[PDB]
């Protein structure tokens, strides 16, 4: 695998928010998508631009305690400080004893572990979360990737009834990364589309018995993802995704997957 180096910044944002960015003043919630192939090493030159301690902690990937991002393992970052975190990944294969070592590939996420509490409750609430995708050799690559985070009662820390919306063309291969944070369980639902409940969100072939779903229960720090063919067997349209917990959809935990015809039109909606 390849050795990669990136910079990452934690920054305070308007309305008491906090975000990660690849450049100063370009912090976003969710944070930037990090994509790796199994075997790749990533060195993250992390700068905490804030006035409180902050950290970077990742799910799924290989890291040593020196890159835990915790007070326990003295790997958080002082205010205005810098730390180089290292994430490693590995491909699957048989061990010496004939057991199968699972690879790093999957839909994962990174977040703060020290803002507000020693579990990053305040950091997470304020927006310090982002997606990580680790791909296996031969994995099907998409035309676009969209990240949806159910953070307490908000989506991507947007005000209620505020999307986000995602645009595609009929036939586009669209990947979704779906992360949950905070206090509450949710159920993720997408109209007119469906996926497999497995590593890639896609059945491997006819021997894969994974349930095909369009609704999934998720809790804090769950991550999954999938790919769909936009509008496959259903056509162009305003295709809602929403939390299916009835009070949550009613309070505006809803967005649109806007699937246009090749001619740029979409069947008239609202």
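Numbering follows the first chain given and starts at 1.
K.L.:
Test of understanding: from the entry's C-alpha B-factors, which stretch has the higher mean, 7 to 15 or 258 to 266?
P.N.:
Mean C-alpha B-factor is greater for 258 to 266.
K.L.:
Using only C-alpha atoms and the B-factors in the entry, which stretch averages higher, 139 to 147 or 99 to 107?
P.N.:
Mean B over CA atoms: larger for 139 to 147.
K.L.:
Just grab whichever of 31, 60, 219, 235 has the top CA B-factor as deposited.
P.N.:
Max CA B-factor in the entry, restricted to 31, 60, 219, 235: 235.
K.L.:
For the listed 92, 130, 120, 79, which has the peak Cα B-factor recorded in the PDB entry?
P.N.:
It is 79.
K.L.:
Lowest, middle or highest third: where is residue 175 by Cα B-factor in its chain?
P.N.:
As the PDB entry reports it, the C-alpha B-factor of residue 175 lands in the middle third of its chain.
K.L.:
For residue 27, return the chain-relative third of its C-alpha B-factor as stated in the PDB record: lowest, middle or highest.
P.N.:
According to the entry, residue 27 has a C-alpha B-factor in the chain's highest third.
K.L.:
Splitting the chain's C-alpha B-factors into thirds, which one does residue 196 fall into?
P.N.:
For residue 196, the deposited C-alpha B-factor lands in the lowest third.
K.L.:
Give the position of residue 158 by CA B-factor within its chain, expressed as the lowest, middle or highest third.
P.N.:
Residue 158: CA B-factor falls in the highest third of its chain.
K.L.:
Sorting by Cα B-factor within the chain, modelled residues only, which third would residue 243 end up in: lowest, middle or highest?
P.N.:
Middle third, going by the recorded CA B-factors of the chain.
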